[PDB]
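Undergrad: Right, I'll just put the structure down here and ask away after.
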Amino acid sequence: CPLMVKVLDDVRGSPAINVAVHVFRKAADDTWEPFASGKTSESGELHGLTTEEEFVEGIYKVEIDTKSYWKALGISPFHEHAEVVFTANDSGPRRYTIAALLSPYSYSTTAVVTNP
Amino acid sequence: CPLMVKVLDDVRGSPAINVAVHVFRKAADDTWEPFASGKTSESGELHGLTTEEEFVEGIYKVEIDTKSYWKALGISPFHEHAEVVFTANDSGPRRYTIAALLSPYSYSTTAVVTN
Ligand SMILES: [Ca+2]
């Protein structure tokens, strides 16, 4: 599993469950092509987005649907989504974990990158 | 000043100076229309991006060119840029400050909206 996303809720001190995540890959015409998507589990994690084969080198955008998460909890948020944009696999396959720590008017995002 | 952007460097504990910042407004066709841009000052701040008359309700994207900032310092970065996408909503709080706290493999962003 070469791309994983983990999301935490900093208001309630819990994993952020059922958060929609969309991944896009920058296409040759500079548009964003849908690549993969899913929802976080009860642990706040989203596994199984892609495979080593499918996950070619390129520029990827991970969009985390934070606004819907806050709306479901009955909280007024500021951001539409959290966005993480990065070049992946430029020197061969790597494994990427994108974390997002969410508050209504702020978020933090970190990447952990490991070599298989 | 309806909109200000402040950028900080969490490796050296300093303002992030001469960082390119681009703001876009979402158009009816869902494309991103250039709205304002500039480079951060010696204080890490970018003022004078827009006026009250120009800054209408809608969805805005702030793209901060972090990759160019780190690479020039000789430090290898992860992100292409930092992105902040938000809805501007008319109410009492009318001055928006978007702050970005930068590290090579992470960033934090907060918004302060005051009256
Ligand atoms: Ca390459």
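Protein chains in written order, with UniProt numbering: chain L, 30 to 145; chain G, 30 to 144. A virtual CB, placed ideally from N, CA and C, is assigned to each residue, including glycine.
What residue ranges within the region 62 to 127 of chain G form continuous beta strand (DSSP E) runs of no fewer than 3 residues, ordered along the chain?
TA: The qualifying runs are 87 to 93, 108 to 117.
Undergrad: Leaving aside the five residues before and after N47 of chain G along the sequence, list all residues of the same chain whose C-beta is less than 6 Å from its C-beta, in chain order.
TA: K68
Undergrad: Give the single residue among G:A65, G:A128, G:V52 whose Cα lies nearest to the Cα of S137 of chain L.
TA: G:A128
Undergrad: Does the beta-carbon of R124 of chain G have 16 or more other beta-carbons within 10 angstroms, so that it is buried, or is it exposed?
TA: exposed
Undergrad: Evaluate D59 of chain L with the Cβ neighbour count: other Cβ atoms within 10 Å of its Cβ, from every protein chain shown; 16 or more gives buried, anything less gives exposed.
TA: exposed
Undergrad: Pairing CB atoms from the region 70 to 77 of chain G with CB atoms from the region 110 to 124 of chain G, are three or more of them under 8 Å?
TA: no
Undergrad: Given that a residue counts as buried once 16 or more other Cβ atoms are within 10 Å of its Cβ, and exposed if not, what is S132 of chain G?
TA: buried
Undergrad: Under 9 Å between C-beta atoms, does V36 of chain L make it to chain A?
TA: Among the protein chains of the structure shown, namely L and G, there is no chain A.
Undergrad: Taking Cβ-Cβ distances shorter than 9 Å, what residues in chain G pair up with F84 of chain L?
TA: Within 9 Å Cβ-Cβ: nothing; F84 of chain L doesn't reach chain G, min ~16 Å.
Undergrad: Is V113 of chain G close to chain L, meaning its C-beta is less than 9 Å from at least one C-beta of that chain?
TA: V113 of chain G counts as touching chain L.
Undergrad: Quick one: which chain G residues come within Cβ less than 8 Å of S135 of chain L?
TA: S137, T138, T139, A140
Undergrad: If I measure Cβ to Cβ from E109 of chain G and keep anything under 6 Å in the same chain, skipping five residues before and after, which residues do I get?
TA: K96
Undergrad: Is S105 of chain G near ligand 1, judged by its Cβ being under 8 Å from some heavy atom?
TA: no
Undergrad: For ligand 1, which residues count as neighbours when the test is a C-beta closer than 7 Å to any heavy atom?
TA: The filter returns L:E86, L:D119, L:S120, in chain order.
Undergrad: Could you tell me if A56 of chain L is buried or exposed, where buried requires 16 or more neighbouring beta carbons within 10 angstroms of its beta carbon?
TA: exposed
Undergrad: Can you name, in chain order, every residue of its own chain whose Cβ lies under 7 Å from the Cβ of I104 of chain L, other than the five neighbours on each side?
TA: If you ignore the 5 residues before and after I104 of chain L, its C-beta comes within less than 7 Å of the C-beta of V40, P133, all in its own chain and listed in chain order.
Undergrad: Using the Cα positions of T79 of chain G and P122 of chain L, report the straight-line distance between them to the nearest angstrom.
TA: Taking the straight line joining both Cα atoms gives about 43 Å.
Undergrad: Per the DSSP calculation, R54 of chain L is bridged to which residue(s)?
TA: DSSP output for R54 of chain L lists L:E62, L:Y89 as bridge partner(s).
Undergrad: Flag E81 of chain G as yes if its beta-carbon sits less than 9 Å from any beta-carbon of chain L, otherwise no.
TA: Closer than 9 Å to the CB of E81 of chain G there is not a single CB belonging to chain L.
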